[PDB]
Amino acid sequence: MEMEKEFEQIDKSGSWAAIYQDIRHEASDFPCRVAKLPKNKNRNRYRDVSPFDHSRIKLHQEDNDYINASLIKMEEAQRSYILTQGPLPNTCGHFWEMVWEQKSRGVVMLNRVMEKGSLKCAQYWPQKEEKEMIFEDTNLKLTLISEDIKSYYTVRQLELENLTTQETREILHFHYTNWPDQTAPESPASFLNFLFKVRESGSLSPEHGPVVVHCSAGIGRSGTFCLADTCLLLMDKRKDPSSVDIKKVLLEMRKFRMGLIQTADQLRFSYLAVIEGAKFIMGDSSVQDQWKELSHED
Ligand SMILES: [Mg+2]
């Protein structure tokens, strides 16, 4: 409600760049001494994007415990996410180890492997059923079980086997294929249709570990997805949208991972997605079918 009024005022004032910037000036600053250790240089995709020491995910095999990943633990919303960079050729083992050790059930991928003529993420999951991936270092096996390709996202069913214990888990892979970096999605509708497929799958249930979310750096598009979901869940818990302050939620998220939400436009989009998603949250069940038609999944 008041979230809507604020939105109209920022737009009628053009002050999104200012609003976004003072968010950056206010954002938490914590050390990342582990990420900056020389032995970990080749484990970071971007020199300037590192996990805080206090919230980083530790790998459990006791050689080197480092992976570029953060646990976003939203206390009030009672949802946790793991935000991580797109795996590098040499960290795909670590990535699936993290998935196993943290008991995650879903992976949300918000980037493509090639973006703007460069490799922004490694090909970390198998593309054909008959060629499984085995990660020798971490003792994990990854089979592609099935794949549902929609117009602007793809959902995949993967089998992850701990080759040590021979225990196997189903991992759901949710892959937004439509979303270039630094831009907002085309409409909130396709974005929300995707967020709500993730929600409906149970991958966000507290019975499982934290969902793993990544783009290339794991802050821009990944932060957009996480902020929208948490704001929606918050106003759902109170059934009082009036009381959700998106900026204060973003700044709480930024206590756990630097740089979440990378442009002013992504901030403005987050407002749009939450305002629109709240129509559903507050009892208009049929707006979800209405998002599905404007998404044009073919
Ligand atoms: Mg891009």
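Recorded method is X-ray crystallography, 2.5 Å.
Just so you know, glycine gets a Cβ as well, placed from its N, Cα and C.
Of the candidates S203, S242, Swiss-Prot marks one as phosphoserine, and that one is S242. From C32, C215, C231, the position flagged in Swiss-Prot as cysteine persulfide is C215. Per Swiss-Prot, substrate is bound by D181, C215, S216, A217, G218, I219, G220, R221; the candidate from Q123, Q127, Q262 named for the same site is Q262.
Of the listed residues (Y66, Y81, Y152), Swiss-Prot tags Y66 with phosphotyrosine; the rest carry no such note in the record, though that does not show they lack it. Comparing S50, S205 with the features listed in Swiss-Prot, the residue bearing the annotation phosphoserine is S50.
If you measure from the Cα atom of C215 (active site, phosphocysteine intermediate) to that of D181 (substrate binding site), you get 8 Å. Considering only the recorded positions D181, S242, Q262, the Cβ with the fewest other Cβ atoms within 10 Å is that of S242. If you take the Cα of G218 (substrate binding site) and the Cα of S243 (phosphoserine), they are about 28 angstrom apart, rounded to a whole number.
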